[PDB]
Each structure stands twice: as structure tokens, then as C-alpha cells.
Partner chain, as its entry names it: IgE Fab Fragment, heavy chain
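This document opens with one chain alone, in C-alpha cells, the form solved without the partner chain.
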């Protein structure tokens, strides 16, 4: 685990609802460079299941269209870590959140993509600061940020 900032005392029930992918960063440029890059995903809403698992609704650009996609991140013994059903099991870590404004997460395989999630389609400076802090610690090579207009569009167009 490259990332070892996780949220202590996370209540996954309290992250339900709508989120905006305000900023994203990754360890390798090609993880995010193209609109159809594998890990360029835009989070729509988080749905924590009754048994503490986490279902994610997101949009992803795929073969010349902005696709709707659903993902279930299964819980682990660590509250801030979940595992996804990809070819390789790869983890989602929740680094920090105040539930009502921002959530920082990363997902990892060697590879790593992190996002600053926000509740509203606005530029939350403090959240972006918290994101930048969590990140200096990590080997990121691409960083993207979106304005309020792009945040209201499918696939941040």
C-alpha cells in the first residue's frame, strides 16, 4: 500500500447520496490523459448497502459515448477500505471526509488514482487544499480539475 492515509472512524452510511468528482489525480499520465482513459471516471452517487458494502454509480467515456456504470465495492475488516471485482482485486481507500462537503478517496492496484469528491457543483478551495496535502505524499504525474459548468455535464464535457 502506497497510500497510508485513511479516515479513522468512518461511517460509510453517512457517505450516501450525490457526489461531484471535482479533481482527479493519478500516478501515471495515461491513467487519465484521454477522455476514454481506463480510470477517468466521474462519480454520480454513492449507495452503501445494508451489510456495509458500497455500491457506486459513475459515468465513463467509452467508444464515443458517456456511459452509465455501476460498481459494488465490497467491505473489508478495515472500515475505510473496500475491494472491487476487477480482474485483479484492487482496493478503494477513503482517506478523509466530513460527509457533508467533501470526500477524498484513492483506488489502487502499483497504480493509483485519487479524487476529491464534493457534494455541490462548486469549487471548494479547502477540500482542494486537503486533496493537495494528501497528495504530496504520493507519486502523482497527472492532475485534473473541473469548473462548475463541466460538473453539471455528463462526463464533465
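Residue numbers count along the first chain shown, from 1.
The same protein also exists as the form deposited with the partner chain bound; that form is not shown, yet it is the one meant from here on.
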Query raised in the report: Is the partner chain close enough to 18, 43 and 157 in the deposited complex that each of the three has a heavy atom within 4.5 Å of it?
Result: yes
Query raised in the report: Quick one: is residue 53 in contact with the partner chain in the deposited complex, heavy atoms, 4.5 Å cut-off?
Result: no
Query raised in the report: At the 4.5 Å heavy atom threshold, is residue 126 in contact with the partner chain in the deposited complex?
Result: no
Requested in this report: Would you check, heavy atoms only and a 4.5 Å threshold, whether residue 120 touches the partner chain in the deposited complex?
Outcome: yes
Report task. Classify residue 151 as contacting or not contacting the partner chain in the deposited complex by the rule of any non-hydrogen atom within 4.5 angstroms, answering yes or no. Result -> yes
